[PDB]
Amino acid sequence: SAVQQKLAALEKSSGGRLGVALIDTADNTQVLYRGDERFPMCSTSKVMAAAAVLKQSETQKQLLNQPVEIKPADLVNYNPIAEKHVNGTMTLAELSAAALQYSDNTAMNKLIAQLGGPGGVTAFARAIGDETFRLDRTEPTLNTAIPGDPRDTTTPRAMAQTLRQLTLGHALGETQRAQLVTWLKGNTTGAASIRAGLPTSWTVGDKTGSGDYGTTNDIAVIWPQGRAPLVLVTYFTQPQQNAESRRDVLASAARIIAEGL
C-alpha cells in the first residue's frame, strides 16, 4: 500500500529499523510494518506492569492505596517522582502513575517487585493472551536494547493487540480500565513522539520508551474527534550503541498513518 511504501522510505531515510502496528477499531483492520519482528520495549513495558497491578486490585480492592516505602537504595538512574519521596512512601497508585506519566524507573521496579519479579509481569501478559511479550530484567538493564537480544522484547503486532485489550477491551475491570486510560492520557513525555505527528484536536494517551542503540518507542491509543479510536505502536532502534533518540521518526510514522485514514 501507499502507507507501507512511505513507511519503508521513512525507515530508509532514518538509517534504523522501524516497527509499526496500527489497529483501526472501526473495522478492526491492521496496518503492519515489521509487525512480527522483535523490538526492545524499554519503558513501553511499564504499561504491562501497571496493568498487572491493576488486575490485582480487582480482587484486592484497596491494593492501589497500599503505601510502599522509597529507600535511597531503591533509586536507579531515572526517578523524577520517586526522588521526591525518598525516605517516605508512595501508594501503588502513585507509583503506577509515576511509571506511566513520567517514566520513573524506580516506580517501575516497585511494580515488578509487587508482582513477584519480571516473571510476574510476563505472566499477566500470557493471562490476557499475549504470548509474545517477555520481561526478563528490571530497570535500568532492561533498556540495553542489544541487537538480536530477545530479552525484554515484543512485536509491534503483539503490543498493539494487547494495548487495545487493556484500554479499549475488557482485559481489565471497568474501573481499572478507566484508570489506565486516565493515566495514559496524562502522559507527560510524549509531546515530540506520536502526538507530534497527529492533528492537535485528537486525544492521545501514550507511553514512550527509550534506551541504548537509539531505541525510541511510543505506544498510544488515539481518540479522533468523531471517529473510532485507533491503537498505534511505533518502535524504532538503530545500529550504533550510542545513537541519539529519534522521536521525529515516531512523529513522521504517525503522520504517514494519519494520512492514510
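Start at 1 and count along the sequence shown; that's the residue number.
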Mean C-alpha B factor from the entry: is it higher for 168-176 or for 154-162? 168-176
When the Cα temperature factors in the entry are averaged, is it 29-37 or 223-231 that ends up higher? 223-231
Specify which of 74, 139, 104, 136 carries the largest Cα B factor in the deposited PDB entry. 74
Between 66, 208, 45, 215, where does the Cα B-factor run highest in the record? 66
Sorting the chain's modelled residues by C-alpha B-factor and splitting them into thirds places residue 248 in the middle
Among the modelled residues of its chain, the C-alpha B-factor of residue 13 falls in the third labelled middle
Could you tell me which third, lowest, middle or highest, the C-alpha B-factor of residue 87 occupies within its chain? highest
So where's residue 204 on the chain's Cα temperature factor ranking, which third? highest
C-alpha B factor of residue 116, ranked within the chain: lowest, middle or highest third? lowest
